[PDB]
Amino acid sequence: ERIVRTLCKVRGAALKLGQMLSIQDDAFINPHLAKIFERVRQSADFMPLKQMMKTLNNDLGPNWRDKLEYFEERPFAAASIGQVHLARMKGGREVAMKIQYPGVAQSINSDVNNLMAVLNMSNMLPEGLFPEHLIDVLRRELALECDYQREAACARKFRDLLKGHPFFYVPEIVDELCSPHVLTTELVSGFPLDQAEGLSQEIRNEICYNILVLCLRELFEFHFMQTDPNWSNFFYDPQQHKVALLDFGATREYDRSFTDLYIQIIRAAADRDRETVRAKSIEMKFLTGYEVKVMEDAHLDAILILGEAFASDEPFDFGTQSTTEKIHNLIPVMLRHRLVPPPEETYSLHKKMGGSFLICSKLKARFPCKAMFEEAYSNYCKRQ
């Protein structure tokens, strides 16, 4: 059954819902549905040039073709609210132009409504109602995703923080081809980590070792983090032995108070102290302190699996100790539906750490995590 064809008409709201929930094959949610959602992500549902040119003439003027030697008319990749086209600028410099479908901001409300309608009619709500707080968060996240000026500023800012970095880099933004509805970056070499299980155990270890270090830095040293980390947005180049970072719609900057408490959670978990983990989780307001034991215990167990990695001097086998099955209880999805749901910052921090753990599980990496965590915890403590 092809529910897929209707969600493809609201692909942006569907995919953004999919990230928020973990339709991520996880061991609970109906595998009929996660199937459907995957089919949606890999559906290049494409749009006549006319529409793309509309966005281009509206935003760049009628001069814009004059900056380029070439503009490739077929997109080479779908983005959530638009398409990406290769171009070559007058001197020879290759770029990727990310162009929105016209009027994306403007149809957020209608598209979300229609999505809730498609899901309601196939009864997978399954509180039974329209979840008010989740509709509200999915609308905000979509407006944020639509803002390419904001995206351009987060990319420029990430690019500073990694200036000179021996392994990671951020393609430069091309301002003259950036605008509210178009985001243009330097083209990057290499392939996405999706296509990279075929690499060697040493390279895979090293990519993931670097990814998790970067994650600890994003949580505990930088003012800034990529949320919903995704192996499809890391481009590894064999020739240079570097990983490019794409997609700064994901970037957030949160109050230090959440991160200050999150460090204590992970410290306590590295130290195998379940009572500290729980108490700080309540103080952060992820937990209320009055959840049903069984669900509380499932979430505390998941946090302590991440603690095992950070407690051990042996290498941690992410591929069997850290699968979605092992750790999906980091985010019990029956929490967004309560009188006062968790501040969204909390969700992020767990999704950021959990997700980084998953990329390492996906790529079958194996390396020790203690020294990275003790280093990060020590420099955070020097900083006060």
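A residue's number is simply how far along the shown sequence it sits, counting from 1.
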{"item": "21-29 versus 8-16 - greater average Cα B-factor per the deposited record", "value": "21-29"}
{"item": "Mean C-alpha B-factor comparison - 207-215 and 88-96, higher one", "value": "88-96"}
{"item": "From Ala117, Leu142, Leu300, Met124, residue of greatest CA B-factor", "value": "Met124"}
{"item": "Options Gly307, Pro75, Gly289, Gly198 - largest CA temperature factor per the record", "value": "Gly198"}
{"item": "Lowest, middle or highest third - CA B-factor, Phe46", "value": "highest"}
{"item": "Chain-wide C-alpha B factor ranking for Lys163, given as lowest, middle or highest third", "value": "highest"}
{"item": "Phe318, C-alpha B-factor rank within chain (lowest, middle or highest third)", "value": "middle"}
{"item": "Record-listed C-alpha B factor of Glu202: chain third", "value": "highest"}
{"item": "Cα B factor band for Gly355 (lowest, middle or highest third within the chain)", "value": "lowest"}
